[PDB]
>>> print(open('input33.csv').read())   # CSV, C-alpha atoms (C1' of nucleotides) and all ligand atoms
chain,number,residue,atom,x,y,z
L,279,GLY,CA,-13.0,12.5,-16.9
L,280,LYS,CA,-9.4,13.0,-15.8
L,281,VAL,CA,-9.1,11.2,-12.5
L,282,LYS,CA,-5.5,9.9,-12.7
L,283,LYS,CA,-4.5,6.8,-10.6
L,284,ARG,CA,-1.5,6.7,-8.2
L,285,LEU,CA,0.6,3.8,-7.0
L,286,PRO,CA,0.0,2.8,-3.3
L,287,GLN,CA,0.8,5.5,-0.8
L,288,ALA,CA,3.4,4.9,1.8
L,289,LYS,CA,1.5,4.0,5.0
L,290,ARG,CA,3.2,7.0,6.6
L,291,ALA,CA,5.5,9.7,5.4
L,292,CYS,CA,8.6,10.7,7.4
L,293,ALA,CA,9.2,14.3,8.4
L,294,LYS,CA,11.5,15.1,5.5
L,295,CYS,CA,9.1,13.6,2.9
L,296,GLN,CA,6.3,15.6,4.4
L,297,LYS,CA,8.3,18.8,4.2
L,298,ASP,CA,9.5,18.0,0.6
L,299,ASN,CA,6.1,16.8,-0.6
L,300,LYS,CA,8.0,13.7,-1.9
L,301,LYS,CA,7.2,10.0,-1.9
L,302,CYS,CA,8.2,8.1,1.2
L,303,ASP,CA,8.2,4.3,1.6
L,304,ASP,CA,7.6,1.7,4.3
L,305,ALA,CA,11.1,1.0,5.5
L,306,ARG,CA,13.1,3.1,7.9
L,307,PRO,CA,15.2,5.0,7.0
L,308,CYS,CA,13.2,5.8,3.9
L,309,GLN,CA,14.9,5.9,0.5
L,310,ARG,CA,15.0,9.7,0.3
L,311,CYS,CA,16.6,9.9,3.7
L,312,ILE,CA,19.1,7.3,2.7
L,313,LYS,CA,20.0,9.3,-0.4
L,314,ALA,CA,20.3,12.6,1.6
L,315,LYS,CA,22.1,10.7,4.4
L,316,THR,CA,19.8,12.4,7.0
L,317,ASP,CA,18.0,11.0,10.0
L,318,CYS,CA,14.5,9.7,9.1
L,319,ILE,CA,11.9,10.8,11.7
L,320,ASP,CA,8.3,9.9,12.1
L,321,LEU,CA,5.9,12.5,13.5
L,322,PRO,CA,2.4,12.0,15.1
L,323,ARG,CA,-0.7,12.6,13.1
L,324,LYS,CA,-3.7,14.7,14.2
L,325,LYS,CA,-6.3,12.7,16.0
L,326,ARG,CA,-9.9,13.7,15.5
L,327,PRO,CA,-11.7,14.5,18.8
L,328,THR,CA,-15.1,13.1,19.6
L,329,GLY,CA,-18.1,15.5,19.9
L,330,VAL,CA,-17.7,17.6,16.8
L,331,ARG,CA,-21.0,17.9,15.0
L,332,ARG,CA,-21.2,17.8,11.2
L,333,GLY,CA,-24.8,18.6,10.5
L,334,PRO,CA,-27.2,16.4,8.4
L,335,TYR,CA,-25.9,14.5,5.4
L,336,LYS,CA,-27.6,14.0,2.0
G,1,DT,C1',21.4,17.5,-15.4
G,2,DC,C1',20.4,17.2,-10.3
G,3,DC,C1',18.0,19.3,-6.5
G,4,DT,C1',14.7,22.0,-4.0
G,5,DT,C1',10.3,23.9,-3.5
G,6,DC,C1',5.2,23.8,-3.8
G,7,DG,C1',0.1,24.1,-5.7
G,8,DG,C1',-3.2,21.2,-5.8
G,9,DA,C1',-4.9,16.4,-7.4
G,10,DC,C1',-5.2,11.9,-5.5
G,11,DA,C1',-6.0,9.3,-1.3
G,12,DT,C1',-7.0,8.2,3.7
G,13,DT,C1',-9.1,8.7,8.3
G,14,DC,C1',-13.0,7.8,11.3
G,15,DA,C1',-16.7,10.0,14.4
G,16,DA,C1',-21.0,11.7,13.0
G,17,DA,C1',-25.0,10.6,10.8
G,18,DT,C1',-27.9,7.3,9.1
G,19,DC,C1',-29.8,2.8,8.5
G,20,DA,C1',-32.1,-1.3,10.0
B,1,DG,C1',-25.5,-2.2,16.7
B,2,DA,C1',-24.0,-2.0,11.6
B,3,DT,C1',-23.3,0.6,7.6
B,4,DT,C1',-22.8,5.0,5.1
B,5,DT,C1',-21.2,9.9,4.7
B,6,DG,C1',-17.9,13.4,3.9
B,7,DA,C1',-14.8,17.2,5.9
B,8,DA,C1',-10.5,17.0,8.0
B,9,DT,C1',-6.3,15.2,7.2
B,10,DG,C1',-2.5,13.0,4.8
B,11,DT,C1',0.4,11.8,0.5
B,12,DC,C1',3.2,13.1,-3.4
B,13,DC,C1',2.8,14.1,-9.0
B,14,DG,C1',4.6,17.0,-12.0
B,15,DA,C1',6.1,21.8,-13.2
B,16,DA,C1',9.2,25.6,-12.3
B,17,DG,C1',13.3,27.7,-11.1
B,18,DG,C1',17.8,27.2,-8.7
B,19,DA,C1',22.2,24.8,-8.0
B,20,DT,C1',26.2,22.2,-9.6
T,401,ZN,ZN,10.4,9.6,3.8
T,402,ZN,ZN,12.8,9.5,5.8
>>> encode(input="input33.csv", output="structure tokens", more="lines below")
Ligand SMILES: [Zn+2]
Ligand SMILES: [Zn+2]
Amino acid sequence: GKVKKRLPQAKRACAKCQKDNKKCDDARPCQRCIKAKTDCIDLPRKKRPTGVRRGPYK
DNA sequence: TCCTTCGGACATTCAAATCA
DNA sequence: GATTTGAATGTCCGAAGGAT
């Protein structure tokens, strides 16, 4: 029954953290961009459209 | 040793589907 | 209308190999 627990996620990951698959944080610039001395950039998330059927549930 | 890369486990998003 | 479902979507651990 290995379902490991994680610490709270960053609310949103900046572009560099998304690309690196590394942990972001909630301040801007994030810690990883502070360390790299690079610009910390937020990108838009995909928004689910309405009208897409799923089929019956259980 | 530090840094970069990344497969896939852990977690979130939210309209559809279902309930009441 | 209110609550539940669950695939799409998002986050980032931990391992491997490269860089310094
Ligand atoms: Zn970040
Ligand atoms: Zn950043």
>>> residues_around(input="input33.csv", residues="stretch 13-17 of chain B", least_positions_apart="2", cutoff="12 Å", atoms="all atoms listed in the file", output="PyMOL selection string")
(chain L and resi 282-285+299-301) or (chain G and resi 3-10) or (chain B and resi 11+19)
>>> atom_distance(input="input33.csv", atom1="atom CA of residue L:290", atom2="atom CA of residue L:323")
9.4 Å
>>> closest_atom_pairs(input="input33.csv", of="chain L", to="ligand ZN 402 (chain T)", cutoff="9 Å", atoms="only C-alpha atoms and all ligand atoms", output="tab-separated table")
residue	atom	partner	partner_atom	distance
L:291	CA	T:ZN402	ZN	7.3
L:292	CA	T:ZN402	ZN	4.7
L:293	CA	T:ZN402	ZN	6.5
L:294	CA	T:ZN402	ZN	5.8
L:295	CA	T:ZN402	ZN	6.2
L:302	CA	T:ZN402	ZN	6.7
L:303	CA	T:ZN402	ZN	8.1
L:305	CA	T:ZN402	ZN	8.7
L:306	CA	T:ZN402	ZN	6.7
L:307	CA	T:ZN402	ZN	5.2
L:308	CA	T:ZN402	ZN	4.2
L:309	CA	T:ZN402	ZN	6.7
L:310	CA	T:ZN402	ZN	5.9
L:311	CA	T:ZN402	ZN	4.4
L:312	CA	T:ZN402	ZN	7.4
L:316	CA	T:ZN402	ZN	7.7
L:317	CA	T:ZN402	ZN	6.9
L:318	CA	T:ZN402	ZN	3.7
L:319	CA	T:ZN402	ZN	6.1
L:320	CA	T:ZN402	ZN	7.8
>>> residues_around(input="input33.csv", residues="residue B:9", least_positions_apart="2", cutoff="10 Å", atoms="only C-alpha atoms (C1' of nucleotides)", output="ChimeraX atom specification")
/L:323-326 /G:12-13 /B:7
>>> atom_distance(input="input33.csv", atom1="atom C1' of residue B:4", atom2="atom CA of residue L:331")
16.4 Å
>>> atom_distance(input="input33.csv", atom1="atom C1' of residue G:19", atom2="atom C1' of residue B:6")
16.6 Å
>>> decode(input="input33.csv", residues="stretch 3-17 of chain B", atoms="N, CA and C atoms (P, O5', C5', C4', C3', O3' and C1' of nucleotides)", output="mmCIF file, in the first residue's frame")
data_model
loop_
_atom_site.group_PDB
_atom_site.id
_atom_site.type_symbol
_atom_site.label_atom_id
_atom_site.label_comp_id
_atom_site.auth_asym_id
_atom_site.auth_seq_id
_atom_site.Cartn_x
_atom_site.Cartn_y
_atom_site.Cartn_z
ATOM 1 P P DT B 3 -24.644 20.661 -0.851
ATOM 2 O "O5'" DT B 3 -24.108 19.307 -1.501
ATOM 3 C "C5'" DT B 3 -24.928 18.151 -1.449
ATOM 4 C "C4'" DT B 3 -24.362 17.034 -2.302
ATOM 5 C "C3'" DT B 3 -22.888 16.701 -2.058
ATOM 6 O "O3'" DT B 3 -22.773 15.310 -1.821
ATOM 7 C "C1'" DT B 3 -23.317 16.935 -4.365
ATOM 8 P P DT B 4 -21.345 14.619 -1.582
ATOM 9 O "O5'" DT B 4 -21.076 13.863 -2.962
ATOM 10 C "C5'" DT B 4 -22.035 12.934 -3.437
ATOM 11 C "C4'" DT B 4 -21.634 12.360 -4.779
ATOM 12 C "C3'" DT B 4 -20.265 11.686 -4.822
ATOM 13 O "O3'" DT B 4 -20.397 10.440 -5.500
ATOM 14 C "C1'" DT B 4 -20.420 13.316 -6.532
ATOM 15 P P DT B 5 -19.142 9.455 -5.685
ATOM 16 O "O5'" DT B 5 -18.667 9.741 -7.182
ATOM 17 C "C5'" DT B 5 -19.606 9.608 -8.240
ATOM 18 C "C4'" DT B 5 -18.957 9.893 -9.577
ATOM 19 C "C3'" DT B 5 -17.612 9.209 -9.812
ATOM 20 O "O3'" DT B 5 -17.678 8.535 -11.059
ATOM 21 C "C1'" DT B 5 -17.460 11.535 -10.298
ATOM 22 P P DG B 6 -16.620 7.395 -11.453
ATOM 23 O "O5'" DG B 6 -15.513 8.182 -12.277
ATOM 24 C "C5'" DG B 6 -15.861 8.856 -13.479
ATOM 25 C "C4'" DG B 6 -14.677 9.644 -13.975
ATOM 26 C "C3'" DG B 6 -13.334 8.929 -13.797
ATOM 27 O "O3'" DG B 6 -12.528 9.213 -14.885
ATOM 28 C "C1'" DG B 6 -13.248 10.994 -12.717
ATOM 29 P P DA B 7 -11.876 8.031 -15.741
ATOM 30 O "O5'" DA B 7 -11.324 8.800 -17.017
ATOM 31 C "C5'" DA B 7 -12.239 9.445 -17.886
ATOM 32 C "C4'" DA B 7 -11.694 10.776 -18.369
ATOM 33 C "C3'" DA B 7 -10.275 10.744 -18.922
ATOM 34 O "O3'" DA B 7 -10.188 11.656 -20.012
ATOM 35 C "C1'" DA B 7 -10.357 12.188 -17.039
ATOM 36 P P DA B 8 -8.812 11.889 -20.808
ATOM 37 O "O5'" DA B 8 -8.454 13.404 -20.448
ATOM 38 C "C5'" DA B 8 -9.409 14.424 -20.713
ATOM 39 C "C4'" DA B 8 -8.990 15.749 -20.098
ATOM 40 C "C3'" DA B 8 -7.605 16.253 -20.501
ATOM 41 O "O3'" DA B 8 -7.682 17.640 -20.740
ATOM 42 C "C1'" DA B 8 -7.735 16.048 -18.130
ATOM 43 P P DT B 9 -6.447 18.451 -21.369
ATOM 44 O "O5'" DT B 9 -5.663 18.984 -20.081
ATOM 45 C "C5'" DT B 9 -6.332 19.824 -19.167
ATOM 46 C "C4'" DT B 9 -5.541 19.971 -17.894
ATOM 47 C "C3'" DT B 9 -4.054 20.298 -18.094
ATOM 48 O "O3'" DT B 9 -3.838 21.671 -17.781
ATOM 49 C "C1'" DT B 9 -4.447 18.731 -16.309
ATOM 50 P P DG B 10 -2.370 22.317 -17.781
ATOM 51 O "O5'" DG B 10 -1.843 22.013 -16.306
ATOM 52 C "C5'" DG B 10 -2.485 22.575 -15.189
ATOM 53 C "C4'" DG B 10 -1.789 22.154 -13.910
ATOM 54 C "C3'" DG B 10 -0.278 22.396 -13.900
ATOM 55 O "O3'" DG B 10 0.061 23.244 -12.818
ATOM 56 C "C1'" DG B 10 -0.816 20.204 -13.138
ATOM 57 P P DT B 11 1.592 23.657 -12.524
ATOM 58 O "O5'" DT B 11 2.047 22.595 -11.433
ATOM 59 C "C5'" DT B 11 1.412 22.564 -10.157
ATOM 60 C "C4'" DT B 11 2.068 21.546 -9.245
ATOM 61 C "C3'" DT B 11 3.571 21.748 -9.026
ATOM 62 O "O3'" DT B 11 3.828 21.709 -7.642
ATOM 63 C "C1'" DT B 11 3.131 19.510 -9.704
ATOM 64 P P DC B 12 5.293 22.052 -7.073
ATOM 65 O "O5'" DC B 12 6.067 20.671 -7.227
ATOM 66 C "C5'" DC B 12 5.778 19.595 -6.356
ATOM 67 C "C4'" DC B 12 6.712 18.425 -6.607
ATOM 68 C "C3'" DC B 12 8.205 18.757 -6.656
ATOM 69 O "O3'" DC B 12 8.923 17.653 -6.133
ATOM 70 C "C1'" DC B 12 7.621 17.682 -8.605
ATOM 71 P P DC B 13 9.744 17.766 -4.760
ATOM 72 O "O5'" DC B 13 9.946 16.244 -4.368
ATOM 73 C "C5'" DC B 13 8.846 15.468 -3.924
ATOM 74 C "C4'" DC B 13 9.084 14.003 -4.205
ATOM 75 C "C3'" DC B 13 10.437 13.465 -3.760
ATOM 76 O "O3'" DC B 13 10.251 12.168 -3.255
ATOM 77 C "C1'" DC B 13 10.203 13.200 -6.117
ATOM 78 P P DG B 14 11.372 11.480 -2.339
ATOM 79 O "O5'" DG B 14 12.293 10.737 -3.398
ATOM 80 C "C5'" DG B 14 11.751 9.699 -4.178
ATOM 81 C "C4'" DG B 14 12.647 9.386 -5.355
ATOM 82 C "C3'" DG B 14 14.129 9.200 -5.019
ATOM 83 O "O3'" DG B 14 14.587 8.059 -5.697
ATOM 84 C "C1'" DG B 14 13.898 10.703 -6.791
ATOM 85 P P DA B 15 15.951 7.319 -5.296
ATOM 86 O "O5'" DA B 15 16.471 6.816 -6.714
ATOM 87 C "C5'" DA B 15 15.520 6.388 -7.676
ATOM 88 C "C4'" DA B 15 16.080 6.480 -9.081
ATOM 89 C "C3'" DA B 15 17.560 6.152 -9.211
ATOM 90 O "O3'" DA B 15 17.762 5.369 -10.373
ATOM 91 C "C1'" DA B 15 17.148 8.332 -10.043
ATOM 92 P P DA B 16 19.170 4.646 -10.635
ATOM 93 O "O5'" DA B 16 19.741 5.415 -11.909
ATOM 94 C "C5'" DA B 16 18.886 5.656 -13.012
ATOM 95 C "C4'" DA B 16 19.521 6.634 -13.974
ATOM 96 C "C3'" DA B 16 21.021 6.443 -14.176
ATOM 97 O "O3'" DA B 16 21.287 6.274 -15.553
ATOM 98 C "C1'" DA B 16 20.511 8.727 -13.693
ATOM 99 P P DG B 17 22.732 5.790 -16.049
ATOM 100 O "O5'" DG B 17 23.373 7.123 -16.637
ATOM 101 C "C5'" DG B 17 22.615 7.912 -17.529
ATOM 102 C "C4'" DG B 17 23.190 9.306 -17.639
ATOM 103 C "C3'" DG B 17 24.707 9.368 -17.849
ATOM 104 O "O3'" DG B 17 24.980 10.187 -18.978
ATOM 105 C "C1'" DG B 17 24.039 10.827 -16.118
#
